[PDB]
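# Results of the structural survey
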Amino acid sequence: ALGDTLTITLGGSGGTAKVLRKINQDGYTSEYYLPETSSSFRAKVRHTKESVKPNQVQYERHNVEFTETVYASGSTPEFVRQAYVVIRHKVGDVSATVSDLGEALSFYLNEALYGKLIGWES
Amino acid sequence: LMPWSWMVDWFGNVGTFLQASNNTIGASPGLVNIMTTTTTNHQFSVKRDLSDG
């Protein structure tokens, strides 16, 4: 599901909005694309289930990523930007608790925190 | 298999840097400190002509 068009409001709330569009779907994965004159935008969603091992807890993984590409101009070569999250939990777990953990992680992240983090401040 | 892009980028960077400067790096001075140690010795010798025997 998730709809056909995915919107990313670059710059947080109240920023510039872009509309990615669905282009393919394989292997429990979906990727959305948007061409640009000097750059390119893409988003992917992925789901996975780990191998079964005789007597151990079975786990599953969900991944979501945003990646940005800028075409090489003059001397500067190609380069990209990326930012993605991941969720790991037990197969039969309860949905509400892992959702609350994810919401907590989301809430902790905010402008000031990225500002400090990118300054190599641990 | 030649690494053309890296060579272009770095050669351009080094060329523009060299031409920006003149084969030199600038510098500035920090604070200036002065240390002045001073010592003296006071030695005595007993004069026996004004003392009890």
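Residues numbered from 1 in each chain as written, not as in the entry; some residues may be left out. Chains lettered and ligands numbered in written order. Part of a larger assembly, values for the part shown. Heavy atoms only, no water.

## Regarding the overall build of chain B
A count of helices and strands for chain B gives 1 helix and 0 strands. In terms of overall size, chain B is more extended than a compact globule, its C-alpha atoms giving a radius of gyration of 35 Å where 53 residues would be expected to give roughly 10 Å. The principal-axis extents of the C-alpha atoms in chain B amount to approximately 105 × 25 × 15 Å. Across the 53 residues of chain B, 0% fall into the buried class. Of the accessible surface of chain B, which amounts to about 6100 Å², a share of 60% is contributed by carbon and sulfur atoms. (Helix = DSSP H or I, 4+ residues; strand = E, 2+ residues; numbered from the N terminus. Rg over C-alpha atoms; globule rule 2.2 N^0.38 Å. Buried < 20%, exposed > 50% of the residue type's maximum accessible area, 1.4 Å probe, protein only. Areas by Shrake-Rupley, 256 points an atom, 1.4 Å probe, with all protein chains shown as cover.)

## Some details on the layout of surface pockets
Residues and elements named next belong to chain A. What the largest pocket holds in volume is close to 1200 Å³. Along the wall of the largest pocket there are 27 residues; nearest its centre are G11, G12, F66, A83 and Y114. Going through the elements one at a time, β1 (5-10), β4 (39-49), β5 (59-70), β6 (79-90), α1 (95-108) and α2 (111-118) are the ones with two or more residues in the lining of the largest pocket. For the lining of the largest pocket, the per-class residue count stands at 15 nonpolar, 7 polar and 5 charged. (1 Å grid on protein atoms, 1.4 Å probe; cavity = no way out; pocket = protein on both sides within 12 Å on 5 of 7 lines; lining within 4 Å. Points joined across faces, edges and corners; volume = space filled by probe spheres on them. Nonpolar A, V, L, I, M, F, W, Y, C, P; charged D, E, K, R; others polar.)

## Observations concerning the sheet that holds β5 of chain A
Residue and element names in this part refer to chain A. The 6 strands lie next to each other as β1-β2-β3-β4-β5-β6, forming an open sheet whose pairing is antiparallel. Edge strands, defined here as strands with exactly one partner in the open sheet, are β1 and β6. Pairwise comparison of adjacent strand axes, ignoring direction, gives a mean angle of 20° for this sheet. In terms of strand pairing, strand β2 (residues 16-26) meets strand β3 (residues 29-35) through 5 bridges, oriented antiparallel. In the sheet register, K22 faces β3, and the bridge partner there is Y32. (Pairing = 2+ DSSP bridges. Axes fitted to C-alpha atoms, helices over the stretch in contact; angles between N-to-C directions.)

## Focus on the pattern of salt bridges
Residue and element names in this part refer to chain A. For the structure on display, the rule yields 4 salt bridges over all chains. Close ionic contact of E60 with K49 constitutes a salt bridge, the shortest N to O distance being 3.7 Å. Of this pair, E60 sits in strand β5 while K49 sits in strand β4, and the two are 11 residues apart along the sequence. With relative accessibility at 15%, the residue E60 sits in the buried group. Across the pair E50 and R61 runs a salt bridge, and its minimum N-O distance is 2.9 Å. Note that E50 is positioned in the loop between β4 and β5 and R61 in strand β5, a separation of 11 residues in sequence. Using a relative accessible area of 21% as the deciding quantity, one classes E50 as partly exposed. On the basis of relative accessibility, which here comes to 37%, the residue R61 falls in the partly exposed class. (Salt bridge = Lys/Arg side-chain N within 4 Å of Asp/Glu carboxyl O.)

## With respect to the UniProt feature "binding site: Ca(2+) 2" (unreviewed entry) in chain A
Residues and elements named next belong to chain A. Here, UniProt's "binding site: Ca(2+) 2" (unreviewed entry) annotation points to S99, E103 and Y114. Checked against the lining of the largest pocket, the annotated residues reduce to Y114. With respect to the helices and strands, the residue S99 is situated in helix α1. Assessed through its relative accessible area of 37%, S99 is described here as partly exposed. Following the sequence through the fold, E103 ends up in helix α1. (UniProt positions renumbered as here; feature names shortened; annotations may be inferred.)

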